[PDB]
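Heads up: the structure comes next, in structure tokens.
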Amino acid sequence: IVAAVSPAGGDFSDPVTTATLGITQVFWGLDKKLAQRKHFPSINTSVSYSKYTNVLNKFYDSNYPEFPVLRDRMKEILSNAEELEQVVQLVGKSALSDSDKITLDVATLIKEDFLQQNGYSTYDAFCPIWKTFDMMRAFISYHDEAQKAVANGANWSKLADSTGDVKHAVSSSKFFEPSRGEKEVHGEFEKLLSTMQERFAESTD
Amino acid sequence: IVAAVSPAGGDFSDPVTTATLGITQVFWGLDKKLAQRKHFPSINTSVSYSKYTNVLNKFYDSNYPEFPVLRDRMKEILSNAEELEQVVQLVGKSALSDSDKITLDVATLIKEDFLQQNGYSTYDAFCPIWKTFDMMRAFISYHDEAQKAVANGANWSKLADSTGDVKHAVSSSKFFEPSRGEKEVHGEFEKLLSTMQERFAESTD
Amino acid sequence: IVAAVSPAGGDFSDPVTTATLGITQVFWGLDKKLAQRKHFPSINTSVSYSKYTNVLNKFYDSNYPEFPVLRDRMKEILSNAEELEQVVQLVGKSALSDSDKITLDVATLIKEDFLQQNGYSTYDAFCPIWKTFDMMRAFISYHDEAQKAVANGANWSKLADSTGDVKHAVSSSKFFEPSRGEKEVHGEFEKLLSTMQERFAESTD
Amino acid sequence: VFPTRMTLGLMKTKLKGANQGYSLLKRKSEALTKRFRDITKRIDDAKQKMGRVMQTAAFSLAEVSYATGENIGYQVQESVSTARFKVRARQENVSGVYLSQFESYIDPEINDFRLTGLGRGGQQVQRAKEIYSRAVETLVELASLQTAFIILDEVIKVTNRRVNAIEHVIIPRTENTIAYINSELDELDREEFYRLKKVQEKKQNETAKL
Amino acid sequence: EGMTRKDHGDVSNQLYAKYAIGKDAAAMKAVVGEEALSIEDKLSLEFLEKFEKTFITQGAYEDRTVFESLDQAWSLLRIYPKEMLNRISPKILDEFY
Amino acid sequence: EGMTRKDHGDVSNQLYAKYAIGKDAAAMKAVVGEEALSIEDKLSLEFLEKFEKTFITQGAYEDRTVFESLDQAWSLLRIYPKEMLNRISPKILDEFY
Amino acid sequence: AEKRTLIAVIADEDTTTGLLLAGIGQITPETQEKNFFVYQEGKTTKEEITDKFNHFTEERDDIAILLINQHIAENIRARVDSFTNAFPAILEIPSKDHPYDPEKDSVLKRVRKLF
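Protein chains in written order, with the authors' numbering: chain A, 867 to 1071; chain C, 867 to 1071; chain E, 867 to 1071; chain M, 8 to 217; chain B, 389 to 485; chain F, 389 to 485; chain N, 2 to 116.
Encoded structure:
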């Protein structure tokens, strides 16, 4: 049951959203201003909850890789990006450390890869769960490789320019359909997982 | 029909003020900040609107008008004076240029002389179109002469303090009834253009 | 009638607290940090006010008070120290003079001796008017002797170390019994005034 | 002008963002306020130390030039075409703002000149220049932080005025508008229930009789 | 097809995103100032002033075409780089760039 | 009393003060940068992530007690030195680090 | 970045001769112009210090540190106090035959208020 809600009393806290949020079990977001800015289908990453994530992630942990840790890390990166955006906007852009630049760069690629959509199903509008977890695993491995490379001594522009085709191929993974792989996952993300590890040593030096 | 209104609920979002203001075609608002300075009424482009000013300017411009450019320039400088005063009040006078300070200096004298219409005598109660067009033309000519003298090499405090009683005589020419000159245009407003033009040449060199 | 006024409905503009605050002529505030600081009540100089202090000073001064002269001087030292704390924080620690350190040091000992009470002994619950009257005169004479001694040439730490047990005994004067002079007057303040007058000559030289 | 129903949600986030920006501006103003005096003390000692160290080397060079006769200090100044102790600019992030730093460098292109040996006075001229270079290196190294102190002293006045202006102008309009919006929403919510109860009493009064 | 283009939906989302970025940076530029604003906020601030006095200003008797409105929107949207535009597809954005 | 130690009430002020100082130190580290961060804000910033990742996160089938919570609070507060802990008594701080 | 390597000085011939002997500033070999101001005690006017300090501080941009005497900077305290920029930074130094004072520094006046 997927029932869309809307305001009906002239406020954002009416009894329809109060009874619908209490009677429902999943919380999905929606922004008309974000959808008008070429961000549809947009969703709220700070206000949402689901009870079937553990039960659906239990069979997905055995029959697939650890998508549940990448979902919590992807939610934590989007939660930290909103906190870093206020300090970057208020205090200034060239006043932050190099640690927040990797989280903002991973949050921009995750928001551009997941939040970015075009049309209904045109231009590769289909995405499986294994392709989404494999696409998020390259972003989490690239963010962990950039955060681990920046901790051992490395410039921010040297590592961001040292990424190169990894960020363009990871950001451009929304146009590759499932025909490239077998039925669910794409082999280019599996080769890109080793390509990110091979590019992680070149990105540090 | 000219009917004034007041706030019954204490705000400007009530149905009495919005109902009478919505059905009306002409509006003349009152600012509390300009009303606190002993100036009533005080509205340039934020609480005042009129659709018949275009057809109304055809006859007054048909006789001997200059109000067609000075009204849009005075409404633009009066509308920009609040935006310059907001950033000048919030941040300070360090993020603004000399053109905004000269425009705020002309908007201060134009708002002080144009907003004050209470009158302290019998000659300060009538306001002809020739006196307001001559005062607005002298203020626009002084504002253009300050920008031209600042562009040719000069200071803002040397321009305003260099003007002094040249603008003070134009601001002080509202306490006498019009009985000099041709019919309503006295020689003090006619000599103010030659005095401001003579002071503009000495202000440059 | 001492009735507390708690919040109702999560607002501060209701007519319960506003009507009770506007109808009453005496106020005594309470702070959460003041209750944790062992302060009873939690209002130093800006959380409490009273309009009947003129009649209460006329009656308590009618019996045998000397609180009428030091009443404004007692709150003036706390208002001077509280006004000097913001100038010391914002302006700088080295911007204050030697009189502000003696006034803040006298207000700290007067606030710690008078306002600092948690019922440690049997003399901290019941307090007579004679000990509170002589306690303000001892701090006023110590502040006047410290300012007059510092005005004739001296250091702040040399003046406080020159005072020593004279200023330290006033903070520990609340621990002594209230039956010092007859049954209610503190006899340590009468000899402490002449001891502070004799110590004022040694504090300057 | 403003809304009449559900308008406190923007004022709550605006007040929270104004409080977070006031807290960050207070932290940056505290860090710049500590670094300003922290550089001001070392600049205050280095001014007198560089003044005495420059006065001693100036007195020794004045004594050597006065003892030499026919002082070639104008010729030594005209004969010099290259420097030995140089400086390099560098940006250092301290408290959020970019400060100017100086790095001393040794130039091995010119150590001795054509006026360092002429006779008996050349040993006194080289003896004065040998202490003059050691005093000049400590003078530049002590005078390096003046651009950073002058930058922090200029930044702190803008930061304190911005934090005081935003913190002074933030909360009261949104709180005073939100309270009147909540009271107007409460009265507007009460009037429709009062009219429906007034119609419901006369509606139930007819059914209560029969 | 035959009466409109395909890049109008991406150009409208890019113009709405640039107008939202310029309108969002315009309110924050008054409080803090021009000392903490980057070049991205200045590009949206200049694009809001350039598109505000060009697209919103029109006559009362002349009717502008959709192709002239998309061509005028492409000129106002052509102030930033090609890599800084992400509200359109790369195939349609590369052809109409 | 009988199942809870006397230092549990005193350790909550040091843990809440360390988490409250680390919450402001997390934004202060991004605001000031990497060359203006104090050691007290860095130790509270690491104690906020270490105490947040070990004191507030737990499973769905595990169990905790007062002695395990006091030992976990002492282990989380053991990262700081003895000169930076001043929100408790010296006997409880010297007895349990 | 590296956009300033020379050090300017405005003092007497003895301090400028010693600082030129140890090496601080020199003449650039692309224009034939010196980067220092040799002032004479009681033989030079005050109008040359404003043109030399204005030409060295506002006309030239390759100077990293601009030195100034106490007496010569005290006679030019209007233009010296009016220049509060850090590029190039101004450092108040004591002149020959004069003692060090805390009122002859432009950075001390603005550094005193708003500490």
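From the three backbone atoms N, C-alpha and C, an ideal C-beta is built for every residue, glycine too.
What residues in the stretch 136-167 of chain M bring their beta carbon closer than 9 Å to a beta carbon of chain E? Along the stretch 136-167 of chain M, going in chain order, the ones with a CB nearer than 9 Å to a CB of chain E are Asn167.
Residue-chain proximity (C/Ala961, chain B), Cβ-Cβ < 8 Å: One-based indexing of the second sequence puts residue 961 of chain C at position 95. Cβ-Cβ to chain B under 8 Å: yes for C/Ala961.
Is the separation between the beta-carbon of M/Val132 and that of M/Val71 shorter than 8 Å? Residue 132 of chain M sits at position 125 when you count from the first residue of the fourth sequence. Residue 71 of chain M sits at position 64 when you count from the first residue of the fourth sequence. In contact: M/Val132 and M/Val71 (Cβ atoms closer than 8 Å).
Mind pulling the chain B residues with CB within less than 7 Å of M/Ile173? Position 166 of the fourth sequence, counted from the first residue, corresponds to residue 173 of chain M. The answer, in chain order, is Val419.
When burial is assigned at 16 or more other CB atoms within 10 Å of the CB, is E/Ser1069 buried or exposed? Here residue 1069 of chain E corresponds to residue number 203 of the third sequence, with the count starting at 1. By the 10 Å Cβ count, E/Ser1069 comes out buried.
Within 8 Å, do at least three Cβ pairs link the stretch 898-905 of chain C to the stretch 1040-1050 of chain A? no
Let me know if C/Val1036 comes out buried or exposed under the rule of 16 or more other beta-carbons within 10 Å of its beta-carbon. By one-based count along the second sequence, residue 1036 of chain C stands at place 170. Answer is buried; the Cβ neighbour count reaches 16.
Could you tell me the distance, in whole angstroms, from the CA atom of A/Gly888 to the CA atom of A/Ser872? Counting from one through the first sequence, the residue named residue 888 of chain A turns up at place 22. Counting from one through the first sequence, the residue named residue 872 of chain A turns up at place 6. Near 15 Å, if we compare the C-alpha coordinates of A/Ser872 and A/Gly888.
Listed from N- to C-terminal order along the chain, which residues in the stretch 81-115 of chain M have their beta-carbon within a distance smaller than 9 Å of any beta-carbon of chain F? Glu99, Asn100, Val101, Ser102, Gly103
Between which two residues does the alpha helix (DSSP H) harbouring M/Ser86 extend? For this step, residue 86 of chain M is matched to residue 79 along the fourth sequence. It spans 80-86 - the alpha helix (DSSP H) in which M/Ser86 sits, taken as one unbroken run.
Residue interval of the alpha helix (DSSP H) (run including C/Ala1035): The residue labelled residue 1035 of chain C in the question sits at position 169 within the second sequence. C/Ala1035 -> alpha helix (DSSP H) spans 1031-1037.
Under the rule that 16 or more other beta-carbon atoms within 10 Å means buried, what is residue 219 of chain M, buried or exposed? Residue coverage of chain M in this structure runs from 8 to 217, which leaves residue 219 of chain M outside it and unanswerable.
By the three-class DSSP mapping on this structure, what secondary structure does N/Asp52 have? Working through the seventh sequence from its first residue, we reach residue 52 of chain N at position 51. In this structure, N/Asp52 counts as helix in the three-state DSSP scheme.
Contact under 8 Å by Cβ, M/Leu39 with M/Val170: The sequence position of residue 39 of chain M within the fourth sequence is 32, counting from 1. The sequence position of residue 170 of chain M within the fourth sequence is 163, counting from 1. No.
Cutoff 6 Å; reference C/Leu981; Cβ partners in own chain excluding five residues on either side: In the second sequence, the residue the question calls residue 981 of chain C occupies position 115. So the qualifying residues of the chain are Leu900, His905, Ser908.
Consider the Cβ of C/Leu956: report whether some Cβ of chain B lies at a distance smaller than 8 Å. Sequence index remark: in the second sequence, residue 956 of chain C carries index 90 (1-based). Chain B contact via Cβ: present.
Just the chain N side, please: which residues come within less than 7 Å of M/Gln55 by C-beta, in chain order? Taking the first residue of the fourth sequence as 1, we reach residue 55 of chain M at position 48. Using a Cβ-Cβ cut-off of 7 Å, M/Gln55 is close to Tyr101 of chain N, given in chain order.
Kindly say whether N/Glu3, judged by its beta-carbon, lies nearer than 8 Å to any beta-carbon of chain M. Here residue 3 of chain N is taken as the residue at index 2 of the seventh sequence, counted from 1. Chain M contact via Cβ: present.
Where are the alpha helix (DSSP H) runs, 4 residues long or more, that stay fully inside the stretch 986-1069 of chain E, in chain order? For the stretch 986-1069 of chain E, whole alpha helix (DSSP H) runs of length 4 or above, ordered along the chain, are 995-1017, 1022-1029, 1031-1037.
Using a Cβ-Cβ cutoff of 9 Å, what residues of the stretch 868-879 of chain C are near chain M? List them in chain order. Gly875, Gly876, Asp877, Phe878, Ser879
By the criterion of Cβ-Cβ separation under 9 Å, what are the contact partners of B/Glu450 in chain C? Taking the fifth sequence and counting its residues from 1, one reaches residue 450 of chain B at position 62. Those within 9 Å of B/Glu450 in chain C number zero; the least Cβ separation is about 18 Å.
Compare the C-alpha of B/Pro469 against each of B/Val420, B/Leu481, B/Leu458, B/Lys438 and name the closest. Mapped onto the fifth sequence, residue 469 of chain B falls at position 81. It is B/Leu481.
Secondary structure of F/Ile427, DSSP reduced to three states: Here residue 427 of chain F is taken as the residue at index 39 of the sixth sequence, counted from 1. F/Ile427 falls in the helix class under three-state DSSP.
Starting from the beta carbon of M/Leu39, find every residue of chain H whose beta carbon is closer than 8 Å, and list them in chain order. No chain H appears in the structure shown, which is made up of the protein chains A, C, E, M, B, F and N.
Say whether chain F places a C-beta atom closer than 8 Å to the C-beta of M/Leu17. If you number the fourth sequence from 1, residue 17 of chain M lands on position 10. It does not; no Cβ of chain F falls within 8 Å.
What residues of chain A sit near B/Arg475, judged by a beta carbon separation below 8 Å? Here the question's residue 475 of chain B lines up with position 87 in the fifth sequence. Ordered by position in chain A, the residues that pass the 8 Å Cβ test against B/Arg475 are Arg903, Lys904.
Along the chain, where does the alpha helix (DSSP H) that runs through A/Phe925 open and close? For the purposes of this step, residue 925 of chain A is taken as the residue at position 59 of the first sequence. Segment 919-928, the alpha helix (DSSP H) holding A/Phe925.
Name, please, each residue of chain F whose Cβ falls closer than 9 Å to the Cβ of M/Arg34. Your numbering for residue 34 of chain M matches position 27 in the fourth sequence. Close to M/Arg34, with beta-carbon spacing below 9 Å, are these residues of chain F in chain order: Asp412, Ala415, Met416, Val419, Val420.
Segment contact, 8 Å Cβ cut-off, at least three pairs: the stretch 959-975 of chain A with the stretch 1011-1025 of chain A: yes
What does a CB cutoff of less than 7 Å around M/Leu15 pick up in its chain, not counting 5 residues either side in sequence? The count along the fourth sequence starts at 1 and reaches residue 15 of chain M at position 8. Counting only Cβ-Cβ distances below 7 Å, and skipping sequence neighbours, we find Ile185, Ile188, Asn189.
Where E/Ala874 falls: helix, strand or coil (DSSP): Taking the first residue of the third sequence as 1, we reach residue 874 of chain E at position 8. E/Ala874: strand per DSSP, three-state reduction.
CA-to-CA distance, M/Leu149 to M/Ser36, given in whole angstroms: Locating residue 36 of chain M in the fourth sequence gives position 29, counting from the first residue. Locating residue 149 of chain M in the fourth sequence gives position 142, counting from the first residue. Rounded to the nearest angstrom, the two C-alpha atoms are 26 Å apart.
Would you give the residue range spanned by the alpha helix (DSSP H) that C/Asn984 belongs to? Along the second sequence, read from residue 1 onward, the residue named residue 984 of chain C stands at position 118. Premise fails: C/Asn984 is in no alpha helix (DSSP H) and is neither H nor E.
Just checking my contact of N/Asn70 with N/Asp106 at CB under 8 Å: how many whole Å lie between their CB atoms? Within the seventh sequence, the letter at position 69 stands for residue 70 of chain N. Within the seventh sequence, the letter at position 105 stands for residue 106 of chain N. In fact, because the Cβ distance is near 12 Å, the residues do not count as touching under 8 Å.
Spell out whether any CB of chain M is found under 8 Å from the CB atom of A/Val953. Translated into positions along the first sequence, residue 953 of chain A becomes position 87. Yes, its Cβ sits closer than 8 Å to a Cβ of chain M.
Residue(s) in a DSSP beta bridge with M/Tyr105: As a position in the fourth sequence, residue 105 of chain M is number 98, starting the count at 1. Note: M/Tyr105 sits in a beta bridge opposite M/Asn100.
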